[PDB]
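Reading through the C-alpha cells given below for one structure.
Every residue, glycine as well, gets a Cβ built from its backbone with ideal geometry; the counts of neighbours run over all protein chains shown. A short reminder: the numbers here are calculations on the coordinates, not readings from a lab.
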C-alpha cells in the first residue's frame, strides 16, 4: 500500500518498517501532482542493492564535487557527505565553523546537489566519447549528514525533502540537541525519524534513513519525560543550571536507544570515539537479539590514532571484520578534509622552498597514477571541454 | 594628488605612470554621498603593492577553497591566486562542473574571494584568542583574482571589479579575449575594460591592483579591425570567417604591441603563455621595458606544460627566481589547487578501496610527520574554530 | 524519432520545426541516465495546449512567488518572468540594475524556481484541505526571459537547461548584443535558437522557444557578414567608432528576421516600445505569408502612455484584436514592478501622514476583495500554517 | 574601555547596560585586524538619534529592496524587516513557509543586504544628478528579526554578526523556542541569547541596537522551570506535557516580569501582543518604567487584528501617537509589505483577466497622479539606475 505511493521501491524495501502515519496521510500531504526525483530514486535503490549484495560498503567524506568524482573513478561504490566538513569548508554562510550546526540548514543538500552535478558531467563526458563508462555508474549513492534536523520534526521533514531534491540516497539523524553532548528523549528522536519517513513518503522516494545515537558519550539529557530514558538518569545529581538531567553514558543506553529506533530507520549507528571490534560486536549482538539481521552503520574515526592504538594486522582487517558483524555501511567522516588540507600544506611548503620543482613532483606523481586510472592530468577533458566541443559541433550547421 | 585625495589609503607613488580616462570630479559624481569602508580590500592592496616592490618576486598558487588558501598562508606563501578555470571546475554559483570559458555566473569569483577571506579571518581569530601571537606574517595574504573578460562590456567589468573589492580582493586581472581558438577584442575595447575597473576602484576608494592580460600569443582571431593598432596583424587576404571575425597573426609581436598599449592603464602586465621559455619571457620583458621602464610584470606557470620532459631539473629549479630578476614580480600556478585536490583524493580513494583503514592510517601518519614542518590540521577541532567558539561561550556566561 | 527522445511531447508538437542536430547528436550529449523534469514537462504541455485553445493567453511579469500566486488565484493562465524585473529587484547579485544583463546568468532560473515552489505550496495547502482546488491548476506555465543568452551559443544552452530544471515552460531569446541597441547577425541568433533547442532535446522536455527580434528600433549591427542583413546596412555611413555597422531599422528587417528565425522557434516576437494594431497586423500578415499559422507573441509596453496615445475603445479591445491576428501569447513585462512600487509608495505615504488609519484602509480593501477570491487576509493559511499543522499531526 | 572598542558609539550609548563579558574578552575574541562596517555604524547611530529625538519612529515590514526604497522615498525614517515575511516570500531556501524558524539562518541578513544595496543605488542615482537628495538620507536604519536566534547563544552570536555585515541598525531576539501554542525558554536562557548578541556587536566593534522580545502574553508552555523567576507562573497542577514541557499562565504579569529581567541586557523592550490595547500598553509601559525609568520600548501593530471592527476611527487615528507618549519609540507593522504586495497583485490580475489593457492603464494613470506627491517610479528606467550607468559609461568612453 506504501509500495503504491513509492513506485520505485523494490519488493520488501519496507520489511519491518513501522510508520506513525497512514497511506491516506501521505496522499493528503503530497500535493495533487506527481513530481519525479530521479537521482534520489536511483541512488536510494542503488544503495539498497549495494548494502544487501556487498560484503560491506565503505565510503569517504567528500568536500567537493571533484573529490566525490575521484572517489567514484577510483572504484568506491558510495559517497559520504559530512556535516563537520560542511561546517569546515563547504558552507552556505561561506564561513569556517566548528561542528555545532552553526551553518544555515540548506548547506548539506546544496553540497549533495553539487556532487551530483559533477557526477552528471563525468557521466556526460564519457557518454559523449562513446567508448562506454569507465566505472559501474557515475551516480554512486550519497549518504548525508542531517545533524539533529536543525530544530523539531518539521525542520527534519524539510531537511529530508531538500536532500531528496538534491538527489541523496540516504540521510542520517542524531539524538543530540546539537548544542559536552546533550541527548533528547528517545520519543523525541523517534518523532524526527518519523518526519523523515513522512517526507520520503511524500516525495515518493524510498530514501534510506540512518538513525544515530550519541549515547556512548553524552552525560546530559534535556528531559526525563520518557520512561525508556529514566533508568539512566542520576536523579540524585540532579539537574544542571540549564535544567538538563545528568545521565549515565556508555553502551547500555546506546543499545536501548538503538532497539527503540530500529523500526523507524533503515540503518542504526552508534557514534563511537574509540574504534573497538569487541565493543562493535557487543553492540551488534545486542541489537540483533531484538532485531535480527538489522542493517548497521559505522563511523571509522579520523582522530583516533590508528597505528598507535592497534597493530597493523588489526587495522588491515578492521572493515572486513566490521562487515561480517553486520556493519554494512562504513565511512570515514573527515577523509576529504584531512586529504585536502595535508596535500596543499605539503604542496605549498615545497613551493616556498623550491618553487617550480615542488609542482614538478606533483605532476610526475599524477603521470605515474595514469596506469592506475587517473585522468585529471588531462585537465580540460576532466572538466568537460571535449563535451562542450561536441555540443558546439552539434549546434553548427 | 586629487586621486590620492579620493583614495586615502594609497601609498606614495601608487599611481605613478598611471593614466585615467575619467576625472576626480567624475568619481565624486559617481561615488554616492556616503563613505563606505572596505578594510580587507585596502589592506590586501597596500600589502600587495609593498610586497611586489620588495621581494625578488611574489609566488602564488591557485586556491580552490578557503581551507586550501589557509594552508597556503600557514606554509609561508605571501599571496593567494584565485583561478577562473578552477571556479568553473569545482567552485561556482551554478554548482556545476564547467570548462574554462565564462559559463558560470559572474558572481562566482567574488564569492570565492569572500570565502577565502572568511577562512583566513577565522584562522586569525583562533590564534588571537590563544593570545601567543600569529604563526604567520599575516593571515590576510593579498588575493589576486581572475575576472575573465569582465563578463560582457565595460559596465560588466565595472561591476565585477566592485564585487571583488567588497569581497576584499587585492588585485583583479582582465583579458583581451571575447571568451567565445581564442578571439581577441580590439585594443581599444580592452583599454575601455581596464578603465572601467579603475573607475570602479576609484569609486570604492581603494588602491586595488589591476592586471592586464593579453591572449595574443595564441589567438588567431579578432572580432573587429576598427583599431589601427591591430590592423598591422590582420591577414586581410583570408579575409573574414563565417562569424565575421578577422584572421590575425599571433605570437610575441602582438603581445608586445598590446602590452605597451595597455601599460598606462594597469598596474601589472601579463602575457598568457602555454610554453614557458625564459628567453621568450626575457624578450617580452625587455621590449615592454623600453616603452615602460620598470613596469611590473606577472607570469603564469603553465600547469599542463610537462616540465620534466621539456626542461632540466636545474632550469626548473631556477625558473621562478630567473623571472623575478627580469621583473616578473607576480608569478602563479593557476591550476595547482585543482591538481592537488584531485590527485590526493584519487590516491587515497584507490588505496582505501584496496586496503580500507590501512590507507587512511598512512595519510594520518604522514600528517603526524608533517607537524614538525608546521602542519596543525591534525588537531582538526582547533583548525576549524571550536577552541575559539569555546572561548566565545565562556565569555557569554561570565 | 525526436518524440522518442522527448516522451511527454504531444503529437505534432514539432510540426514545421527544423533542427541543426540529429536525434543521434542528442543521444550522445544527454548522458547515460534518464533524469525527469516534471514541472517543465507539465508547464510546456499546458502552455502548448493553452496557446492553441484560448483566444489569446495573457500574462503579467512576476517579481516574486507571492505575486505569481495571486496571478494564478485571480484566474490568469500563465506567468511571465521578466529580465528587467530580475535586474530591478530579484537577482543573485542582490543589487538594483538597469536592463543590460548586468546580473549573474543564474538569476532568472532562480526566480522561476521560487515561483514554482510557491505554487507547489499553494497546491499542497488546498490538497490537504481536501475540498478540491480553487483554480484550474496552480502550475500555470512560466514564460521566462533568457535575455541574449548571456554570451554565445553555449551560454544559451546553459540557461535553457537551468530554466528547464527550474520548471519553466517557455524561454525567450533576443538577437541583440546587450553586452542604443546593437543587433547580432541573423545567423548568430539562429545559432542561439538552435542551442536552446538542443538543450531542450538533451533534457528530454518539449520546452517552448520564443525568438525575439529587436530590429524595430536598433540602428546598429555587429557585423554585416550575413547576406540576409546586408540589404539593411547603410554602407555610406559607414561604421561607428567601436566598429559597428549602421542599419535601417523598422518593420522591414523585423519581418525578414522573423521569417528566417521561424523554423527554429515555436513563437516569434517583434519587440516594440510603441503599441500599434496596424504595425502588429503588417508584421503578422507578412510572417504568415511565409509561415501560415505561425504562433506569435506581443509585449504590451509598460512605459508607453496608454491613455494619452490611444483612445479608450482601442485600449479596451487591444489584446482581443491582437489575439485575432494570431498573437497567442501576450504579456506586460514590468507589471509587477509597477504594482509593487506604486502600492508601497502609497501605503508608506498615508502611514507617514495618518499612521494606523492608512493600514486600516489597506486592511478593509482586502476584506472587500474576499468576495472576488482574495484569501491572503487569512495570512497564516495562505503561507501554509494549516498545511504544516496537518504534517505535524501526521508525524504524531 | 568599551567605548574604545566601539569607536563610533556616541557618548552615553551604553548607560544602564550590563554585560557578562569584559573588554578584555572582546579584545581576545575579535582577531588582530580592524575591519570596519560603515552601514552598520551609520544605521545604528542614526537609529539611536531618531528614537531619542522623534516623538516616535514608525516603520513597515519590507519584503524587498524596492519596497524599502519606496518607504524611504515616501518619507519614512526607518525600515522593519519581518521574519514572517522572509518565511513567506523572501528566504534562502526559495520556498514559502509559515514562521516557525524553518528557513535557513542565512535569510534575514541576506534581505538586509538586498535592501541596503537598493538604497545605495537610490543614493548613487541622486548624487550623480547633482541636485541634492530628495530625502534626509537614503540609508534609513534597518531593524531586523533574528527570531529565537536559530539555536543557542552561538547561533545568536552568529546571526548578530551576519546582520552587522549586512548593515542592519538593530536586531530583535525572542524568548520562545520557535522550534499548545508558543513555547518559552527560561528567563536565564534568553538573557544568555541577548548577551551573545551584545558580545557579537562588541567583537564587530559597532553600536548595533539590541531589541528584546517577550512572547509570554500568549505563550502557555515552557521548556523548563529551572529559573526561579519563571516558577511563579507555572501551573504545577497541570503538570507536564508529552514533550516534557511545563504548562504556564500567560499574560501581562509574566511579560512584565520578563521585560524587567531583560532590561539591563538590551536597548529596547518589546512585549509581543496580538490584541492592540492602549491601556495594556500603558500598563506594561508603567510597570517597566517603575524598575527602569525612561527605558526605550517598541511596539508591534498586529496586521491580523481587525482594526476597524475593534476600534473607532479616532482611536485608530491616534493609536501610534498615544503609544509614543508612553515611551514606545520604535513602532512597526510586521507584515505591511506582504499584505500590500498580495492585495495589489490580486486586484491588478483580477482587472487584467476581466478587461486586459484597461486594468493596466488604470494603474498607470494612478502612478501619473502620484507623481505630484514625490513618486518617481513612472520614470521607470531612471528608478533602476539607467541614467546612473549611462554616466558611468560616459566617464569610461567619451
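Evaluate the range C:135-144: report whether one residue or more is at negative phi, within 14 Å of chain D (Cβ to nearest Cβ), surrounded by fewer than 24 Cβ atoms within 10 Å (Cβ to Cβ) and in contact with a helix residue (DSSP H, G or I) (Cβ under 7 Å, 6 or more places away or on another chain). Yes, because at least one residue in the range C:135-144 is at negative phi, within 14 Å of chain D (Cβ to nearest Cβ), surrounded by fewer than 24 Cβ atoms within 10 Å (Cβ to Cβ) and in contact with a helix residue (DSSP H, G or I) (Cβ under 7 Å, 6 or more places away or on another chain). Within the range B:278-289, not a single residue is within 14 Å of chain A (Cβ to nearest Cβ), under 19 Å from the mean Cα position of the chain (by Cα) and closer than 25 Å to residue A:377 by Cα.
With respect to (1) more than 7 Å from chain C (Cβ to nearest Cβ); (2) over 26 Å from residue C:57 (Cα atoms); (3) buried (at least 17 other Cβ atoms within 10 Å of the Cβ), the lone exception for residue D:320 is condition (1). For residue A:295, work out the one condition from (1) in contact with a strand residue (DSSP E or B) (Cβ under 7 Å, 6 or more places away or on another chain); (2) closer than 22 Å to residue A:184 by Cβ it doesn't fulfil. Condition (2) is where residue A:295 drops out.
Going by the structure shown, is residue D:147 closer than 23 Å to residue C:66 by Cα, in contact with a strand residue (DSSP E or B) (Cβ under 7 Å, 6 or more places away or on another chain) and within 12 Å of chain A (Cβ to nearest Cβ)? Can you show your working first?
Numbers: closer than 23 Å to residue C:66 by Cα: yes; in contact with a strand residue (DSSP E or B) (Cβ under 7 Å, 6 or more places away or on another chain): yes; within 12 Å of chain A (Cβ to nearest Cβ): yes.
So residue D:147 passes the test.
When residue A:123 is tested against (1) surrounded by fewer than 24 Cβ atoms within 10 Å (Cβ to Cβ); (2) in contact with a helix residue (DSSP H, G or I) (Cβ under 9 Å, 6 or more places away or on another chain), only condition (2) is not met. Here residue D:219 clears all of (1) more than 30 Å from residue D:316 (Cα to Cα); (2) surrounded by 20 or more Cβ atoms within 10 Å (Cβ to Cβ) except the condition numbered (1).
Take residue A:348 and decide whether it is within 21 Å of the chain's Cα centre (by Cα), within 12 Å of chain B (Cβ to nearest Cβ) and surrounded by 23 or more Cβ atoms within 10 Å (Cβ to Cβ). So that I can check it myself, show each step before the final result.
Details: within 21 Å of the chain's Cα centre (by Cα): no; within 12 Å of chain B (Cβ to nearest Cβ): yes; surrounded by 23 or more Cβ atoms within 10 Å (Cβ to Cβ): yes.
Against the criterion (within 21 Å of the chain's Cα centre (by Cα), within 12 Å of chain B (Cβ to nearest Cβ) and surrounded by 23 or more Cβ atoms within 10 Å (Cβ to Cβ)), residue A:348 does not qualify.
Here residue B:132 clears all of (1) in contact with a helix residue (DSSP H, G or I) (Cβ under 7 Å, 6 or more places away or on another chain); (2) within 21 Å of residue B:371 (Cα to Cα); (3) more than 8 Å from every other protein chain (Cβ to nearest Cβ) except the condition numbered (1). Just checking, does the range C:39-56 include any residue being more than 26 Å from residue C:384 (Cα to Cα) and at the interface with another protein chain (Cβ under 8 Å from one of its Cβ atoms)? No; the residues of the range C:39-56 include none that is more than 26 Å from residue C:384 (Cα to Cα) and at the interface with another protein chain (Cβ under 8 Å from one of its Cβ atoms).
Looking only at residues of the range A:74-88 that are surrounded by fewer than 24 Cβ atoms within 10 Å (Cβ to Cβ) and more than 17 Å from residue A:174 (Cα to Cα), we find that the one that is farthest from the other protein chains (Cβ to nearest Cβ) is A:77.
Suppose we filter the range B:222-242 for residues that are farther than 21 Å from residue C:226 by Cβ and buried (at least 18 other Cβ atoms within 10 Å of the Cβ); how many remain?
Going residue by residue through the range B:222-242, those that are farther than 21 Å from residue C:226 by Cβ are B:227-233, B:235, B:237.
Going one step further and asking which of them are buried (at least 18 other Cβ atoms within 10 Å of the Cβ), we end up with B:227, B:230, B:233.
Final tally of qualifying residues: 3.
On the basis of being at the interface with chain C (Cβ under 7 Å from one of its Cβ atoms), within 19 Å of residue C:66 (Cβ to Cβ) and over 29 Å from the mean Cα position of the chain (by Cα), does residue D:341 make the cut? For residue D:341, the condition - at the interface with chain C (Cβ under 7 Å from one of its Cβ atoms), within 19 Å of residue C:66 (Cβ to Cβ) and over 29 Å from the mean Cα position of the chain (by Cα) - is not met.
Of everything listed in (1) within 15 Å of the chain's Cα centre (by Cα); (2) closer than 20 Å to residue C:97 by Cβ, the single unmet condition for residue D:117 is (1). Right, residue D:248: more than 14 Å from chain A (Cβ to nearest Cβ) and surrounded by fewer than 24 Cβ atoms within 10 Å (Cβ to Cβ) or not? Yes: the conditions hold for residue D:248.
Just to be sure before I move on: is residue B:158 surrounded by 24 or more Cβ atoms within 10 Å (Cβ to Cβ), within 14 Å of chain C (Cβ to nearest Cβ), over 30 Å from residue A:118 (Cβ atoms) and out of contact with any strand residue (DSSP E or B) (no Cβ under 9 Å at 6 or more places or on another chain) in the structure I sent?
Values: surrounded by 24 or more Cβ atoms within 10 Å (Cβ to Cβ): yes; within 14 Å of chain C (Cβ to nearest Cβ): yes; over 30 Å from residue A:118 (Cβ atoms): yes; out of contact with any strand residue (DSSP E or B) (no Cβ under 9 Å at 6 or more places or on another chain): yes.
Against the criterion (surrounded by 24 or more Cβ atoms within 10 Å (Cβ to Cβ), within 14 Å of chain C (Cβ to nearest Cβ), over 30 Å from residue A:118 (Cβ atoms) and out of contact with any strand residue (DSSP E or B) (no Cβ under 9 Å at 6 or more places or on another chain)), residue B:158 qualifies.
Going by the structure shown, is residue C:334 in contact with a strand residue (DSSP E or B) (Cβ under 9 Å, 6 or more places away or on another chain), crowded, with 19+ Cβ neighbours inside 10 Å and more than 7 Å from chain D (Cβ to nearest Cβ)? Here the answer is yes, as residue C:334 does meet what is asked.
Take residue A:108 and decide whether it is within 14 Å of chain D (Cβ to nearest Cβ), farther than 26 Å from residue B:118 by Cβ and in contact with a helix residue (DSSP H, G or I) (Cβ under 9 Å, 6 or more places away or on another chain). Step through it out loud before you land on a result.
Numbers: within 14 Å of chain D (Cβ to nearest Cβ): yes; farther than 26 Å from residue B:118 by Cβ: no; in contact with a helix residue (DSSP H, G or I) (Cβ under 9 Å, 6 or more places away or on another chain): yes.
Criteria not met by residue A:108.
Taken over the range B:202-220, the criterion of being touching a strand residue (DSSP E or B) at 6+ places or on another chain (Cβ under 7 Å) and either within 13 Å of another protein chain (Cβ to nearest Cβ) or within 19 Å of residue B:49 (Cα to Cα) (or both) is satisfied by B:208, B:209, B:210, B:211, B:212, B:213. Taken over the range C:352-379, the residue count meeting the criterion of being more than 15 Å from residue D:336 (Cβ to Cβ) and either buried (at least 17 other Cβ atoms within 10 Å of the Cβ) or at the interface with another protein chain (Cβ under 7 Å from one of its Cβ atoms) (or both) is 4.
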